[PDB]
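Here's the structure we're looking at; comments come further down.
Basis for what follows: all heavy atoms, side chains included, without hydrogens, waters or symmetry-related copies. Quick note on labels: first sequence line is chain A, next is B, and so on, each numbered from 1.
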Amino acid sequence: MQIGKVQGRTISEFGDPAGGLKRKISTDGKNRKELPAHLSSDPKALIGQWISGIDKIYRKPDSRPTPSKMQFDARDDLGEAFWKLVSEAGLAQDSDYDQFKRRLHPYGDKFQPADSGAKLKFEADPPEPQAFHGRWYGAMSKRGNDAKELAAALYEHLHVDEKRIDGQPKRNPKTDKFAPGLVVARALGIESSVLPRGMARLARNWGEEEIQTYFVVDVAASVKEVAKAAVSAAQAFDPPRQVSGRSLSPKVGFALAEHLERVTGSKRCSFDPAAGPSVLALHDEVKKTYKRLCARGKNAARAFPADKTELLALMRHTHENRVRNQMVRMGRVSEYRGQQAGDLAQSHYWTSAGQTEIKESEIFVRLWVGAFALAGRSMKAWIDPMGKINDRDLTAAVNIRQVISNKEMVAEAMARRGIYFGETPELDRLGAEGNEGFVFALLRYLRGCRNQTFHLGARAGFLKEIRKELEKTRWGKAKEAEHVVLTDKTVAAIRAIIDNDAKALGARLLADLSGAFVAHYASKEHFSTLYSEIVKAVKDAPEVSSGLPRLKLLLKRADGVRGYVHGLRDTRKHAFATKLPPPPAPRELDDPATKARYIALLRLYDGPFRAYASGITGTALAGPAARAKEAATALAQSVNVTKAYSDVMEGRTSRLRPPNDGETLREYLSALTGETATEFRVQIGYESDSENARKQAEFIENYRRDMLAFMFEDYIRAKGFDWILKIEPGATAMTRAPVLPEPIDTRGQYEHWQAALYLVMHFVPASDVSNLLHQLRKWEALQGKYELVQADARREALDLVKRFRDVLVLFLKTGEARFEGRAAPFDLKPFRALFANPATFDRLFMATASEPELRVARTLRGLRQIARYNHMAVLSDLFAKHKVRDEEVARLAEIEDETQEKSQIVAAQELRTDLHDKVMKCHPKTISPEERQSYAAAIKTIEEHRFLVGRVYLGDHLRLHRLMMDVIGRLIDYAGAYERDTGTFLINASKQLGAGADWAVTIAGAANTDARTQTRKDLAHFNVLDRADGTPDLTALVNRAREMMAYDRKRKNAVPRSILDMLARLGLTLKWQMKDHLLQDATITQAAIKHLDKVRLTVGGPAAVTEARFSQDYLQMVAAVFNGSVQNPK
RNA sequence: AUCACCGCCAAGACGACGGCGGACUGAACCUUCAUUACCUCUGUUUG
């Protein structure tokens, strides 16, 4: 929360004797504190609210700073006087006086006169003191102007009797109870900020009769003129000032009051809602409507309706939206409640903990629905690539009947299967009848995964539904259509695949380490212990934490912190450095020692460390947490040492609560995720740029990296893996030909449903499998979930979840085992079209360890994924438009030509790093024109190399395909929300209401149209990609998706932002124009990477050199799939 | 559309023309992979 910068989270629970939700504050994740009590007594929160109160009487300098002496003295006088009051009030301790003064004067407390010419210097006094008067100066100065009097008024306002901004008391009660000050009033307002459980406050308390009276004169058009007049005045300044909604708010409020007076003869708004419809109910809703419009950060004025017609339409749509938001909320709670025990109104899922539980479940569902949409697309290409089979679902009874009846189709599918399964001797000798059973089963296993409306819960009912479908080896009946019985062989073949992959795991894990030279850089005892630990973590494991960062990023952070502290004279700060190695650049992995160290570290981190760290508590957790905080504080004080109050500065990490005693790392990492969600929203408020928001919110992620870096180092030392850290780059092997240990048995005991699920996973990309395990881990890590008080209920639940996890892990650890060192299991001939000369494609990618070899393998795996979906039909035209020419191949060769001498690219790369470090080490602020010219020249060669590699090895083509899939994937995710909100939650909601609120049911029902449901289907089944000729239009898709999500404005509005932000993350800059409610005129450019940012030429001027990430060829491709064009700035 | 969206604090008199909450709500963030990979390191307070 923001209020007074008070620390802690808010929780909503039941317990109140009224039987309703109440919001409390928790400081350690466990305790519960009442808002009025806390916000009236907490030192930090009090001081925060006091200074906020002072800031509205006398403003501090704008920061979006340096005050005048007049301004400074004014703030100081008021501060001192107010301090004296609250001190004597017994609200303020002497201990906290310094904090109060630091926060009264955040700009600093030591300045020389304004005409002095000193380092720290006041601004010249303004011509009028009113320059720094705030909105509340008038109200607080009614009983005089002196500091003593301003302070007295502020104190009364905050702690005794709340005033309006005009200086009048807000409340004049006649009862036994005195009216509160602002602090308590606002705190009570927070206390009752809880989810509505019913429809009471959604009824519209006015109609046509009220409209006739109220809109005799068009208030909306006149308010619109207020907005235009506000715009013009701000636009009249030489620097064009933009008007915010917060500045418009008072002008609209006055205009609306004058309107009420015109209608009623009075400005008194107080009305009687219970008495029935009224003009003042309508007015209250008009005020609320403009309150919403004025809360907008961007272009508030532009959104103002121009007309009574527009205003009433906005009010209607907003009302319709709020009803559907409330009905989705209710229907979701009910769905998660089920039967349980309790009284829908008292359900755990109304609470903050319960809503967090819902959120992580819902996200798992999205990922699940998403993974099996891709599976569907994969199975389509497997079975019916040319669409020989208006239901577009191959698993539907009508279509699956056609598949099995077609003998050639089934046979051709079995012959193509290698692209999905790899080499599968297990499936070779089923026979034609056996094959038909097998193709049928996988379609039914897909359907069993895909046709689930489910959620996560303590019973693991979801996995039970999965098991019910996937344990089947027979379907239907003999007397009726679709009788399929799997043959004993077909069954054994299904069960054998997962069995053999498991059996093979031990030796694969050994070979992985062996092939990365790990056994060459470790004693036999050390290597043996490492290998044993890795296999043990995969074979027998509890549900671990996915909260761990990626090792590379952890290592990057550790490297960055090490680098800074090692540059400081104060050696005490060197303590915050680890001996963890830097992250390797890809080229550095060519060095055996470097590979060995990184792979050993990577496998250790992901498996044995993750297993160990997840359940850790006490000193092993608290030690690294504290150290991470100490480090951030040390870093902050060093960087900003010159700035004010530097000796008391703490890292922003210090706001975060320490781990509780008995809390596991898994639990503390999950709590931290809550902080991140909150921090991103807060940052988006200060700046709406998603990437700048991420930078300002990154301190949380950097705390986790620092904390985990210290834990990882500690673990390495504690378990005797120090040797890994001691391997130095370029070191020659300890043993030239080491004797490896025996492979450990990795055999498992798998149920049929696991084997079935495992085979369906072969139609889902590995990344999406990984995402499923990551979310499963996140959901399992969640504290405060609904549980059972049924003793063995949790034992069965835990068995299902463990078996599910084993399927995912085995799939991931097996990776390319059935593909490696074998020919491409698909036709490469269609991909010749991507080259001008087909012979050139053949020479490069059609076979007749090294770095060129790894690159060819990467490309072929890329093409495989396109073939897996049968997507050459979708992007053949576009790809063939951007054919790779022989001159590009030749140019790339000569740039990389290493046979005679240092190749062009290697020379360029080394010159660039050489110069960068020379600048950043010897003089980070400066660079000579000649140094800068060679730097630019190096970048140019580097760019040319990147662009040619991107074309010759088809990087551009594969990135375009991936981008396309990601965009459509994001829209499919929205489609899942449509299906689920409308098909489940709203239906549930409508049934609770019954005949009481038919108006709400008609509004719920409005969520659906034929076109929206069609868009849901077309997205789900990639029907938008089903065009033999031409390129897909993603702009039109986004527009269809916007319309699909119209039932929920927050989603409809977010649809385009999702896609923009997705591209931005990659450095692609997309822009649309909105005309007639449709996105259009898509343009594409890129964000250049800025080298030598704050570095100046020795001769003067910015020394900045810019690097392009992407070729014009790729930008053109991206533009084409958005039916747009490239527009690079000049 | 491109930070929105939902909700809370009612009046003894002319206003809420002011204050707020929000893992609570979408959007983000985080993420198995010897991937394309490039931006010195590091970051208080305000906002």
Side-chain angles (χ1 to χ4, degrees), chain A residues 1 3 10 12 23 63-65 106 164-166 170-174 182 185-186 188-190 192-196 249-254 257 266-270 287 291 296-298 322 325 352 355-356 359 516 546-547 549-550 560-561 563-564 567 585-586 589 595 598-599 606 635-640 643-646 649-652 673-674 676-678 680-681 684 686 688 690 693-694 697 701 766-767 769-771 773-774 812 815 854 858 916 920 924 942 946 949-950 955 959 1042 1048-1058 1060-1061 1072 1074 1079 1089-1091 1093 1107 1109:
Chain A
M1 49 207 296
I3 187 56
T10 62
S12 77
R23 185 161 307 280
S63 66
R64 293 182 183 174
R164 299 198 313 259
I165 197 173
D166 65 11
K170 193 182 186 171
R171 302 180 182 79
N172 293 279
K174 297 291 97 165
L182 182 53
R186 168 168 59 206
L188 286 169
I190 297 168
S192 62
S193 304
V194 295
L195 301 186
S249 175
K251 291 154 177 162
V252 173
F254 179 73
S266 174
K267 295 186 182 169
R268 289 199 204 155
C269 289
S270 181
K287 288 168 75 200
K291 181 192 167 63
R296 298 179 86 111
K298 273 45 153 50
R322 294 165 48 230
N325 274 236
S352 54
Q355 286 290 310
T356 301
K359 180 179 271 218
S546 64
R550 293 179 68 256
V561 171
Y564 185 80
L589 291 184
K595 193 181 286 270
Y598 180 69
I599 294 308
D606 186 49
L635 289 169
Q637 288 186 351
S638 274
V639 177
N640 304 290
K643 296 193 178 283
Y645 316 130
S646 69
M649 282 181 185
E650 290 178 283
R652 281 185 302 162
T673 304
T676 297
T678 297
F680 269 82
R681 295 227 177 93
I684 284 287
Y686 292 123
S688 201
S690 281
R694 186 168 98 273
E701 189 52 39
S767 52
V769 175
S770 181
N771 293 347
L773 180 60
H774 173 86
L812 292 168
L854 301 206
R858 200 162 327 104
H916 199 275
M920 296 319 181
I942 291 163
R946 175 180 307 113
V949 167
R959 272 196 299 285
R1042 290 175 59 241
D1048 186 22
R1049 187 69 67 175
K1050 74 186 179 285
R1051 282 178 149 114
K1052 184 190 185 177
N1053 289 357
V1055 170
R1057 178 62 184 239
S1058 286
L1060 292 167
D1061 284 346
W1072 284 298
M1074 185 71 76
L1079 300 168
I1089 302 182
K1090 202 185 174 190
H1091 293 76
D1093 175 39
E1107 176 178 38
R1109 298 158 207 261

Describe the nucleic acid contact of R322(A) in one word from base, sugar-phosphate, nothing, applying a heavy-atom distance below 4.0 Å.
-> sugar-phosphate

Protein heavy-atom contacts under 4.0 Å, written 5' to 3' over nucleotides 41-47 of chain B as B (base), S (sugar-phosphate only) or - (none), form the string BBBBSBB

Could you check whether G955(A) gets within reach of a base, just the sugar-phosphate, or nothing at all, counting any heavy atom under 4.0 Å? nothing

Ignoring backbone atoms, establish whether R858(A) has a side-chain N or O less than 4.0 Å from OP1 or OP2 of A34(B).
no

In whole angstroms, the gap separating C1' of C14(B) from CZ of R268(A) amounts to 6 Å

Output row for RNA chain B, stems defined as at least 3 consecutive Watson-Crick or G-U pairs under 3.5 Å, is B:5-9 with B:18-22

### Message
For a quick check of understanding: with a heavy-atom distance under 4.0 Å over all strands, which category does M1(A) fall into, base, sugar-phosphate or nothing?
### Response
sugar-phosphate

Within less than 4.0 Å of OP1 or OP2 of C20(B), is there a side-chain N or O belonging to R186(A)? yes

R959(A) CZ to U35(B) P, in whole Å, measures 15 Å

query = Closer than 4.0 Å, any side-chain N/O of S690(A) to the OP1 or OP2 of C3(B)?
reply = no

Check: Can you find a side-chain donor-acceptor pair between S690(A) and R1057(A) that sits under 3.5 Å?
Finding: yes

Margin query: At 4.0 Å (heavy atoms only), tell me whether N1053(A) reaches a base, stays on the sugar-phosphate, or touches nothing.
Written below: sugar-phosphate

Problem - Donor-acceptor pair (no angle test) under 3.5 Å: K359(A) side chain, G26(B) base - result: no

Check this for me: does the side-chain of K291(A) come within 3.5 Å of the base of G19(B) through a donor and an acceptor? yes

For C8(B) versus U2(B), give the span between their P atoms, rounded off to a whole number of Å. 23 Å

Exercise for review: May I ask you to verify whether the side chain of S193(A) and the base of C20(B) hold a donor-acceptor pair under 3.5 Å?
Suggested key: no

Of the listed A13(B), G21(B), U32(B), the closest approach to the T10(A) side chain comes from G21(B)

Intrastrand stacking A23(B), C24(B), 5.5 Å centres and 30° planes:
no

From CD1 of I190(A) across to P of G18(B) the rounded distance in Å is 19 Å

Classify the side chain of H1091(A) and the base of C38(B) as holding, or not holding, a donor-acceptor pair under 3.5 Å.
no

A student applying the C1'-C2'-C3'-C4' rule, positive for north and negative for south, should call the sugar of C20(B) north

To the nearest angstrom, the CG-P distance between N771(A) and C33(B) comes to 13 Å

Expected label for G43(B), using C1'-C2'-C3'-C4' where a positive value gives north and a negative one south, is south

Its glycosidic angle compared against 90° from 0, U42(B) adopts the form anti

When rounded to whole Å, the CD to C1' distance for the pair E1107(A) and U36(B) reads 12 Å

Just checking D1093(A): base, sugar-phosphate only, or nothing, at a heavy-atom cut-off of under 4.0 Å?
sugar-phosphate

Comparing nearest nucleotides in RNA chain B, the 5'-proximal residue of the pair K174(A), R1051(A) is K174(A)

Distance col, row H1091(A):NE2 vs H916(A):NE2, nearest 0.5 angstrom, shows 6.5 Å

If the cut-off is 4.0 Å, is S688(A) near the phosphate of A4(B), judged by side-chain N/O to OP1 or OP2?
no

*Phosphate-side-chain proximity, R1057(A) and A28(B), N/O vs OP1/OP2 below 4.0 Å*: no

Review point. When all nucleic acid strands are considered with a 4.0 Å heavy-atom cut-off, which category describes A1054(A): base, sugar-phosphate, or nothing?
Key: sugar-phosphate

So what does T678(A) hit on the nucleic acid, given a heavy-atom distance under 4.0 Å: a base, only sugar-phosphate, or nothing? sugar-phosphate

Does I3(A) reach a base, just sugar-phosphate, or nothing at all? Heavy atoms under 4.0 Å.
sugar-phosphate

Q355(A) has its side chain closest, among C24(B), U40(B), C29(B), to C24(B)

Compare all side-chain heavy atoms of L195(A) with those of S12(A) and state whether any distance is below 4.5 angstrom.
no

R1109(A) atom CZ is separated from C39(B) atom P, nearest whole Å, by 11 Å

Classified by glycosidic angle (syn within 90° of 0, else anti), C24(B) comes out anti

Closest of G15(B), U31(B), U32(B) to the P549(A) side chain is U31(B)

message: What's the gap between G47(B) and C20(B) when it is taken at their P atoms, as a whole Å value?
response: 11 Å

Syn within 90° of 0, anti beyond: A34(B) is syn

Once the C1'-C2'-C3'-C4' torsion sign is read, positive north and negative south, the sugar of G21(B) turns out north

*Any side-chain heavy atom of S770(A) within less than 4.5 Å of one from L812(A)?*
yes

Atom NZ of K287(A) and atom P of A10(B) are separated, to the nearest Å, by 14 Å

Assigned chi class of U36(B) under the 90° convention is syn

So do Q637(A) and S646(A) actually touch side chain to side chain, heavy atoms under 4.5 Å?
no

Among the nucleotides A37(B), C14(B), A23(B), whichever has the atom closest to the side chain of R681(A) is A23(B)

Among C5(B), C24(B), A34(B), the one nearest any side-chain atom of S352(A) is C24(B)

Practice task
Mind checking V194(A) for me? I need base, sugar-phosphate or nothing, with any heavy atom below 4.0 Å counting as a touch.
Solution key: sugar-phosphate

The furanose of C33(B), with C1'-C2'-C3'-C4' positive read as north and negative as south, falls north

- Task: For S266(A), answer base if it contacts any base atom (sugar-phosphate contacts may also be present), sugar-phosphate if it contacts only those atoms, and nothing otherwise; contact means non-hydrogen atoms under 4.0 Å.
- Result: base

Can you find an N or O donor on one side and an acceptor on the other, under 3.5 Å apart, linking the side chain of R23(A) with the base of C8(B)? no

If positive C1'-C2'-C3'-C4' means north (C3'-endo side) and negative means south (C2'-endo side), then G15(B) is south

Practice item. Looking at every strand, decide which applies to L773(A) at a 4.0 Å heavy-atom threshold: base, sugar-phosphate, or nothing. Key: nothing

query = Checking all strands, does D1048(A) fall into the base, sugar-phosphate, or nothing category for heavy-atom contacts under 4.0 angstrom?
reply = nothing

Measuring only between side-chain heavy atoms, which start at C-beta, is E701(A) closer than 4.5 Å to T676(A)?
no

Out of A34(B), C29(B), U31(B), minimum distance to the side chain of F680(A) belongs to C29(B)

Comparing nearest nucleotides in RNA chain B, the 5'-proximal residue of the pair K298(A), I1089(A) is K298(A)

* Asked: In whole Å, what separates the P atom of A28(B) from that of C3(B)?
  -> 13 Å

- Which part of the nucleic acid does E701(A) contact within heavy-atom distance under 4.0 Å: base, sugar-phosphate only, or nothing? sugar-phosphate

Of the two grooves, base atoms under 5.0 Å from the side chain of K1050(A) occur in the minor

Testing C9(B), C24(B), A16(B) for proximity to the side chain of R171(A), the answer is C9(B)

Rounded to whole Å, the NZ-P distance (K1052(A) to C3(B)) equals 16 Å

| task | Give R296(A) one of three labels, base, sugar-phosphate or nothing, depending on what nucleic acid heavy atoms sit under 4.0 Å from its own. | result | sugar-phosphate

